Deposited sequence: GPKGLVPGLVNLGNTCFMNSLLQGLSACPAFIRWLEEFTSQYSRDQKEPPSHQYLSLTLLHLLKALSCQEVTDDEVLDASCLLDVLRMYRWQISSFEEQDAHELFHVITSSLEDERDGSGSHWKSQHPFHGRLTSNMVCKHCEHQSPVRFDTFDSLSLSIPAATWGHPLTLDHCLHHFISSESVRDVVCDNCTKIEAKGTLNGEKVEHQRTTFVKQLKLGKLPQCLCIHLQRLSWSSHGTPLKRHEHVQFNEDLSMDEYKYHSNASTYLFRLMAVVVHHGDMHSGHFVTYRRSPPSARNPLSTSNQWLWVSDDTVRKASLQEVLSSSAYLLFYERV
């Protein structure tokens, strides 16, 4: 049986366990960590992170294996992220703590010939004044995940990841911005595109909105996603290089805003096309049909 180890939940820590199952299911990320931590054989977050992911990226070595990942939380609690060890947290916030710690760790490392971690991408922002049609220059900012707003849902109208992506990329009217031509303010047209695509693509579907009344709203709507994802339509340049991605893992959030539980669907490791449902310490075989029917929250794609 090709089952991975489970992770014990020592106090509402499923937000960490679900992220780790997803990250260990991204082989390019683990290969980068091995390359990055190889310089230390010439403490640190990357060494603690790789120890867990290397174990979770392979089939269990004993029947019903269960590991404990709170050594990772201890070091983050000490140096990067001040939280309790028992309160519920957001797996996407943790993803950005980990990703920020690794970029900070690399900035202080001595082998600068090595590449940035594979989740790191760059987005473009183009802007033009509607009054004088003077295009401002291009602005590139980095990103470690795409946080997509979930549009309004209609009965009988499918809600697809492609729709969420196009809405993130669509142009918009931005009122009351100063112009350098009209000296002024005025209304601008703004659009975000994708300049550099990451080898590992993390998609964050925002399941929290703000209500008209003034309180958060959990977004229960099912967002259709595919095992294969083509990102060509969202590139800034007319790059003739194709950008095809494959689904590696899904992090799913069950429950409301205050309370909730994180779960992860991931591929089985080859020692392939078999899927697993991982809920903390419990690992079960799952079909791809169950995976595609889940309410995705974090989607991990890897470029092929």
How would you write out the unmodelled ranges of the deposited sequence, numbered from 1? 1-2, 45-52, 195-209, 297-303
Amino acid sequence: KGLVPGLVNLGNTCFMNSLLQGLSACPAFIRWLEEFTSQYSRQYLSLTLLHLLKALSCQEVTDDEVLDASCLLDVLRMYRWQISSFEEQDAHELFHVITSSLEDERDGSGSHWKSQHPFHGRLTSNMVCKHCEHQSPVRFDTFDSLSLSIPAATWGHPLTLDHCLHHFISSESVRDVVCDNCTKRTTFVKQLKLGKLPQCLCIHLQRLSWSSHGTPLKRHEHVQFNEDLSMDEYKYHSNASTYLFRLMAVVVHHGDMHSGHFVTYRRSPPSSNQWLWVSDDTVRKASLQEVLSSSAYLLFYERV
From here on, numbers count along this sequence of modelled residues.
I need to verify one thing: averaged over C-alpha atoms only, is the B-factor higher for 98-106 or for 206-214? 206-214
Comparing 246-254 with 231-239, which stretch shows the greater average C-alpha B-factor in the deposited entry? 231-239
When you compare the CA B-factors of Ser46, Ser70, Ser279, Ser272 as listed in the entry, which one comes out on top? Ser272
Among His220, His117, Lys190, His92, the highest C-alpha B-factor in the PDB entry belongs to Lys190
Report the third (lowest, middle or highest) to which the CA temperature factor of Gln39 belongs, ranking only the modelled residues of the same chain. highest
Can you work out whether the C-alpha temperature factor of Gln199 puts it in the lowest, middle or highest third of the chain? lowest
Position of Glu88 among the chain's modelled residues by C-alpha B-factor, lowest, middle or highest third: lowest
Can you tell me which third, lowest, middle or highest, the CA B-factor of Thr264 falls into for its chain? lowest
Chain-relative C-alpha B factor for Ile150 (record values, thirds): the middle
